[PDB]
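Take a look at the structure set out below.
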There are 2 protein chains.
Amino acid sequence: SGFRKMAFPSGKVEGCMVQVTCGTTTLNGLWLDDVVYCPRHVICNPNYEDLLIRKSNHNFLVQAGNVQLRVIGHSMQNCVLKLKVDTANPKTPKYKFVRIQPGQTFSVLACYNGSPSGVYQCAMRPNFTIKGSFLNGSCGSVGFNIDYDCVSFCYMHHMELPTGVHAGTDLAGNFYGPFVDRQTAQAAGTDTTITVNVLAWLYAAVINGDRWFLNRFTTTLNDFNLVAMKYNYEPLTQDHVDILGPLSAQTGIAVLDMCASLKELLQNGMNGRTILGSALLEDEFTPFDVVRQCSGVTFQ
Amino acid sequence: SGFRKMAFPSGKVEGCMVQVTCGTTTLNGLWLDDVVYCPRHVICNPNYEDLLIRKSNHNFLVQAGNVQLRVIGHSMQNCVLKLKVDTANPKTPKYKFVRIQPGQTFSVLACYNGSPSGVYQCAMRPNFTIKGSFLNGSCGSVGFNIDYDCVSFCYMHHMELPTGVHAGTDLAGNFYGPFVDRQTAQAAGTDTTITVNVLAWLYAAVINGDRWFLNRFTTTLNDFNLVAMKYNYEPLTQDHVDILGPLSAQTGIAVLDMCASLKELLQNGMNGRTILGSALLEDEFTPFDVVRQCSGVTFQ
Ligand SMILES: *[C@](O)(C(=O)NCCCC)[C@H](C[C@@H]1CCNC1=O)NC(=O)[C@@H]1[C@@H]2[C@H](CN1C(=O)[C@@H](NC(=O)NC(C)(C)C)C(C)(C)C)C2(C)C
Ligand SMILES: *[C@](O)(C(=O)NCCCC)[C@H](C[C@@H]1CCNC1=O)NC(=O)[C@@H]1[C@@H]2[C@H](CN1C(=O)[C@@H](NC(=O)NC(C)(C)C)C(C)(C)C)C2(C)C
């Protein structure tokens with residue numbers, strides 16, 4: 001048993017972490033096939049189409065270890081710079097590009113100068129920020145999910161908001177949330193808490209022995225939601241109750257039942273106890289995260 | 001900025017995760033060079049020297065993908081079965097074998113049937129248990145640390161204690177703590193909390209903007225320790241104060257000062273606030289973990 005915040009095996013992604021240098025700006029890139037993907041503010045309220053015609057393929061240093069790659073061409077898809085090189089990546093895995101919805105989770109391989117520093121487990125907060133760990137140097141690092149064999153890149157780093165959270169893009173260049181790669185005032189927007197994720201982790205608690213927080217009480221989907229707002233949680237949909245079923249099936253606790261217990265964790269807190277070793281209601285676990293860890297789905 | 005519980009990049013370890021099958025017992029193995037390492041209870045109060053003479057090299061199925069390895073010889077170093085095969089591992093990295101002390105942390109690559117499922121960040125609790133995530137199938141999975149380029153294997157899985165924690169060994173076969181690979185009654189022993197680790201993570205809090213928990217107050221090493229026991233924390237040594245210096249240097253808060261603030265977090269709790277997004281005092285971060293993440297040390 002057990003239950004940890006658990007990242008995907010980073011092997012297939014590490015092989016794709018390369019160094020991109022230009023002027024006095026060095027950030028990370030993602031070399032899949034013969035393309036290297038990196039955040040565009042490496043060519044630096046700038047005008048990036050302005051700045052990309054000024055540069056030539058030879059202005060873009062691309063180290064892949066002690067193996068400098070030659071750029072043969074470049075292009076700017078939204079906020080990503082796509083550097084064609086003269087060399088397919090031998091380590092390119094089966095991969096996808098995907099854009100996640102708020103609530104979903106992914107693993108961040110965190111690089112500096114093209115070298116992997118660490119891997120950890122984020123979700124995409126409701127306000128399209130992520131609570132990350134990114135120092136100066138970390139740009140061009142990717143979030144991702146692994147689907148049997150296929151890596152689904154869903155996030156590139158770019159910038160940090162003034163409160164300590166992090167902003168970024170799908171690998172299609174487009175930013176999650178209103179954020180934009182210029183040094184201007186821009187705010188996250190108030191973060192709610194992901195409700196279907198809090199329930200799931202509670203089913204993870206039940207699958208693991210913490211039952212202290214149950215009760216016979218049922219509630220309606222609505223009367224729960226009248227209490228979810230007051231506590232800054234997503235209103236819960238029936239479509240969430242649907243995904244929560246399998247866990248509800250394996251534990252026998254009706255989703256409406258566990259809602260009524262979450263209701264009670266909200267109105268009385270927790271009185272100095274823990275669920276799964278936390279004194280907070282953890283929303284960074286999706287219902288699938290739970291079923292994967294609490295059932296042992298691997299990746300080949 | 002930011003601060004997450006962050007695992008090492010698992011790439012070099014994944015390449016070494018193989019499947020070992022024998023009788024009706026299938027667990028994971030660690031193929032470095034021409035040796036495959038796995039927990040010994042794969043040949044199963046058994047007598048393991050008993051059971052290993054009964055078996056032959058041909059009784060040990062070793063898949064490495066769709067690539068069955070031939071065993072050419074075996075041996076039992078404490079609780080590890082060492083299977084010689086007829087094939088060096090091409091993916092064997094620079095590696096070490098090391099035995100960690102309680103308080104130290106490591107990354108667990110978690111496998112089933114030889115396939116990596118997930119990676120997460122443990123420490124070695126004071127009572128030589130680890131708080132892991134291990135289902136049936138997970139045995140032969142390794143903890144580790146990465147030192148520039150060198151992987152330091154420090155833990156193999158074996159068994160789960162009745163309270164939900166996990167027991168295991170250094171890769172030298174020997175179990176951390178009193179535990180033993182037989183199905184007999186055996187208890188963790190009461191877990192204290194790692195104090196030098198709680199301080200470090202607080203310096204991580206300071207390096208990151210949470211200052212709400214300071215105060216002008218200093219304390220002595222002793223008078224702090226009189227309060228550490230009462231709250232089930234390691235007594236703190238001067239030798240810990242020494243390692244905590246660099247963080248104390250970079251923040252300007254004297255180790256004795258931060259002790260006096262931890263004293264105050266213990267006697268009054270926290271009153272519904274958080275440090276680094278936790279409502280608990282997190283002890284799973286060493287002072288080095290902090291300096292690595294809060295400075296950006298990578299691995300090549
Ligand atoms: C990234 O580009 C990087 O890793 N730099 C290596 C290349 C050196 C030349 C950084 C990642 C940052 C650094 C630490 N934490 C992070 O998230 N990103 C940036 O440098 C980022 C790019 C400029 C300014 N950037 C910032 O991160 C800003 N954040 C903001 O400006 N925030 C606003 C938008 C004002 C709310 C700082 C001031 C460094 C936090 C761009 C294009 C925004
Ligand atoms: C490991 O061998 C495995 O992954 N099995 C795959 C091979 C199938 C034939 C497991 C890992 C366990 C399973 C779930 N969580 C874990 O930590 N280890 C064992 O099966 C372990 C080996 C027997 C019994 N084992 C247990 O884990 C016991 N734990 C105890 O017996 N605990 C005592 C020692 C009584 C306090 C169970 C009952 C399954 C929890 C050995 C040799 C202990």
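Following the order of the structure tokens, first chain is A, next is B, and so on, with residues numbered from 1 inside each chain and ligands from 1 in the order they appear.
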Would you mind listing what lies within 8 Å of region 49-65 of chain A as a short mmCIF file (atom, residue, chain, number, x, y, z; two decimals) with C-alpha atoms, in the first residue's frame, with only C-alpha atoms counted and same-chain residues fewer than 4 positions away left out?
data_model
loop_
_atom_site.label_atom_id
_atom_site.label_comp_id
_atom_site.auth_asym_id
_atom_site.auth_seq_id
_atom_site.Cartn_x
_atom_site.Cartn_y
_atom_site.Cartn_z
CA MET A 17 16.70 17.67 -23.03
CA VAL A 18 19.14 19.87 -24.98
CA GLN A 19 20.73 23.28 -24.44
CA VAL A 20 19.86 26.29 -26.55
CA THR A 21 22.01 29.41 -26.40
CA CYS A 22 21.58 32.73 -28.18
CA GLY A 23 23.15 36.08 -27.38
CA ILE A 43 15.86 35.62 -28.89
CA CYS A 44 15.41 38.61 -26.53
CA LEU A 69 23.74 20.70 -33.28
CA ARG A 70 23.51 22.77 -36.44
CA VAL A 71 20.28 24.70 -36.95
CA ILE A 72 19.07 24.59 -40.58
CA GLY A 73 15.94 26.68 -40.07
CA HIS A 74 13.65 28.23 -37.46
CA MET A 76 7.86 30.77 -34.23
CA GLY A 114 20.09 21.08 -20.85
#
- [ ] Collect all residues with atoms no farther than 6 Å from ligand 2, counting only C-alpha atoms and all ligand atoms, and output them as a PyMOL selection string.
- [x] (chain A and resi 1) or (chain B and resi 25-27+41+134-139+158-162+166+181-186)
Emit the selected residues as a compact mmCIF listing (two decimals), in the first residue's frame, including N, CA, C and O atoms.
# COMPACT_ATOMS: atom_id res chain seq x y z
N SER A 1 0.84 -1.18 0.00
CA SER A 1 0.00 0.00 0.00
C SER A 1 0.88 1.24 0.00
O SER A 1 2.01 1.21 -0.53
N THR B 25 6.52 -16.72 -8.67
CA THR B 25 6.93 -15.53 -7.95
C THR B 25 7.67 -14.64 -8.92
O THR B 25 8.74 -15.00 -9.42
N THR B 26 7.08 -13.50 -9.22
CA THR B 26 7.65 -12.57 -10.18
C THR B 26 7.85 -11.22 -9.52
O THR B 26 6.87 -10.56 -9.16
N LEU B 27 9.10 -10.82 -9.35
CA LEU B 27 9.47 -9.50 -8.86
C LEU B 27 10.55 -8.88 -9.74
O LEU B 27 11.04 -9.50 -10.70
N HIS B 41 13.54 -13.61 -1.36
CA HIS B 41 12.26 -14.29 -1.23
C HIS B 41 11.57 -14.53 -2.57
O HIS B 41 10.38 -14.85 -2.59
N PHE B 134 3.89 1.03 -2.57
CA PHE B 134 4.34 -0.28 -3.04
C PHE B 134 3.14 -1.21 -3.00
O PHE B 134 2.62 -1.49 -1.92
N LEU B 135 2.70 -1.68 -4.15
CA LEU B 135 1.63 -2.66 -4.20
C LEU B 135 2.23 -4.05 -4.35
O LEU B 135 3.45 -4.21 -4.40
N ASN B 136 1.38 -5.06 -4.42
CA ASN B 136 1.89 -6.38 -4.79
C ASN B 136 2.47 -6.33 -6.19
O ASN B 136 1.83 -5.87 -7.15
N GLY B 137 3.70 -6.81 -6.32
CA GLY B 137 4.41 -6.78 -7.59
C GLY B 137 5.63 -5.91 -7.57
O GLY B 137 6.49 -6.06 -8.45
N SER B 138 5.76 -5.04 -6.56
CA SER B 138 6.72 -3.94 -6.54
C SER B 138 8.10 -4.33 -6.05
O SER B 138 9.00 -3.50 -6.11
N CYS B 139 8.27 -5.55 -5.55
CA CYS B 139 9.54 -5.96 -4.95
C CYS B 139 10.66 -5.97 -6.00
O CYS B 139 10.43 -6.21 -7.19
N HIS B 158 11.17 -5.02 -0.31
CA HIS B 158 11.01 -6.41 0.14
C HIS B 158 9.63 -6.68 0.70
O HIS B 158 8.98 -7.66 0.31
N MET B 159 9.17 -5.85 1.64
CA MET B 159 8.02 -6.18 2.47
C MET B 159 7.40 -4.91 3.02
O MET B 159 8.02 -3.84 3.03
N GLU B 160 6.16 -5.06 3.49
CA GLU B 160 5.36 -3.99 4.05
C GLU B 160 5.01 -4.35 5.47
O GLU B 160 4.56 -5.48 5.73
N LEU B 161 5.20 -3.41 6.38
CA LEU B 161 4.84 -3.61 7.76
C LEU B 161 3.34 -3.40 7.93
O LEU B 161 2.70 -2.78 7.08
N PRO B 162 2.75 -3.92 9.02
CA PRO B 162 1.28 -3.97 9.10
C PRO B 162 0.61 -2.60 9.17
O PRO B 162 -0.58 -2.51 8.83
N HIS B 166 7.05 0.58 4.88
CA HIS B 166 7.77 -0.34 4.02
C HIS B 166 9.18 -0.60 4.55
O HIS B 166 9.82 0.28 5.12
N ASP B 181 13.13 -10.94 6.08
CA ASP B 181 12.27 -11.51 5.05
C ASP B 181 11.79 -12.90 5.45
O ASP B 181 12.18 -13.93 4.89
N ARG B 182 10.93 -12.91 6.46
CA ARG B 182 10.06 -14.03 6.77
C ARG B 182 8.75 -13.43 7.25
O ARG B 182 8.73 -12.31 7.77
N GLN B 183 7.66 -14.16 7.03
CA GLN B 183 6.34 -13.69 7.46
C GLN B 183 6.19 -13.99 8.95
O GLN B 183 5.56 -14.96 9.37
N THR B 184 6.81 -13.14 9.76
CA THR B 184 6.68 -13.20 11.21
C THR B 184 6.31 -11.83 11.73
O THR B 184 6.44 -10.82 11.03
N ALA B 185 5.86 -11.79 12.97
CA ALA B 185 5.56 -10.52 13.62
C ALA B 185 6.81 -9.67 13.70
O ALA B 185 7.86 -10.12 14.18
N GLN B 186 6.72 -8.42 13.21
CA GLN B 186 7.81 -7.46 13.32
C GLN B 186 7.30 -6.04 13.16
O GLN B 186 6.49 -5.73 12.27
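Remark: for ligand 1, the closest of the candidate residues A:33, A:86, A:77, A:180 is A:180 (distances computed over only C-alpha atoms and all ligand atoms).
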Open item on the list: Let's see if you can do this: from backbone DSSP, list all helix (DSSP H, G or I) residues in region 20-267 of chain B, as a PyMOL selection string.
Closed with: chain B and resi 40-42+48-54+57-59+195-206+221-230+238-243+245-251+255-267
Would you give me, as a Markdown table, each residue of chain B having an atom within 12 Å of an atom of ligand 1, along with its shortest atom pair and that distance in Å to one decimal, using only C-alpha atoms and all ligand atoms and sorting by chain and residue number?
| residue | atom | partner | partner_atom_place_in_ligand_line | distance |
| --- | --- | --- | --- | --- |
| B:1 | CA | ligand 1 | 15 (N) | 5.3 |
| B:2 | CA | ligand 1 | 15 (N) | 8.1 |
| B:3 | CA | ligand 1 | 15 (N) | 11.4 |
| B:208 | CA | ligand 1 | 15 (N) | 11.5 |
| B:293 | CA | ligand 1 | 14 (C) | 11.9 |
| B:294 | CA | ligand 1 | 14 (C) | 10.6 |
| B:295 | CA | ligand 1 | 14 (C) | 10.8 |
| B:296 | CA | ligand 1 | 14 (C) | 10.4 |
Selection file, C-alpha atoms, as an mmCIF file, in the first residue's frame:
data_model
loop_
_atom_site.group_PDB
_atom_site.id
_atom_site.type_symbol
_atom_site.label_atom_id
_atom_site.label_comp_id
_atom_site.auth_asym_id
_atom_site.auth_seq_id
_atom_site.Cartn_x
_atom_site.Cartn_y
_atom_site.Cartn_z
ATOM 1 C CA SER B 1 11.422 29.995 -7.017
ATOM 2 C CA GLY B 2 9.074 27.355 -5.621
ATOM 3 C CA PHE B 3 9.722 24.275 -3.513
ATOM 4 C CA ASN B 208 11.100 31.413 -0.672
ATOM 5 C CA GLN B 293 16.625 22.853 -5.302
ATOM 6 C CA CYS B 294 17.141 26.410 -4.020
ATOM 7 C CA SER B 295 20.323 26.730 -6.114
ATOM 8 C CA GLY B 296 19.730 24.558 -9.198
#
Task: chain B contacts to chain A at 6 Å (only C-alpha atoms) as a ChimeraX atom specification - done: /B:1-3,6-11,115-120,132-135,279,298-300
- [ ] Fewer than 6 positions away in the same chain doesn't count, so skip those; otherwise give me all residues within 6 Å of region 93-104 of chain A, counting only C-alpha atoms, as a count of residues only.
- [x] 11
